[PDB]
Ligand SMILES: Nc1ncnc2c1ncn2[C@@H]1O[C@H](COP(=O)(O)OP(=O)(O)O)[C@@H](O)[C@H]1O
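One chain comes next, on its own, written out as structure tokens in the form solved without the ligand.
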């Protein structure tokens, strides 16, 4: 992984992303359940804690959970298989459930208070859209749903830039999922076979089209 970025754990996925995930930016990963999107989030929550030589930023994590995504048992396994102390890794993941889209937005707006006293380098939102989709139903509420989501993405981008944090969010295709303003780096995941998952990058403004295969292992993800 390159200077100032966080390695995903997979050398081929890092290459596809131009050297790993960036701070001061939003990486948005699309896929169905089983595609590896949440496995990648769990892996990043450990990788960011590593020193720069090993692909991290010695940073803490904030995890905003909108649908029971976070598995501390998985973090413990990944940490153990990457030579880290699992209890220390968990102590540096600030977990917060978001009960609705308003609460999800407020959690982001209030997050920087805890960032002056500890060095955070990663904010995960898993998932970005589940509350927005369940709360704003039909054509009569669609414009408001997209405006609210765009405002949330602007808040995340501001936080990312002010505190030098990588923002990593998950999503699902449906064109319900496309916004008028492109606030993120979009990565599309799909499930393969034999432990493999495939990532595709198709419309990045400063990265060419590409694809990468990675594996789900006891180390989280790797080639």
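Residue numbers count along the first chain shown, from 1.
The form solved in complex with the ligand is left out here; the points below concern that form.
Engineer: Looking at 155, 54, 32, 164, which has any heavy atom no more than 4.5 Å from the ligand in the deposited complex?
Structural biologist: Of 155, 54, 32, 164, the residue with a heavy atom within 4.5 Å of the ligand in the deposited complex is 32.
Engineer: I'd like to know whether residue 82 contacts the ligand in the deposited complex, with contact meaning heavy atoms within 4.5 angstroms.
Structural biologist: Although the ligand is absent here, residue 82 would stay clear of it in the deposited complex, with no heavy atoms inside 4.5 Å.
Engineer: So in the deposited complex, is the ligand close enough to residue 145 to count as touching (4.5 Å, heavy atoms)?
Structural biologist: Result no; residue 145 lies far from the ligand in the deposited complex.
Engineer: Using a 4.5 angstroms cut-off on non-hydrogen atoms, would residue 217 count as touching the ligand in the deposited complex?
Structural biologist: Yes.
Engineer: Looking in the deposited complex, any heavy atom of residue 27 within 4.5 Å of the ligand?
Structural biologist: Answer no; every heavy atom of residue 27 is more than 4.5 Å from the ligand in the deposited complex.
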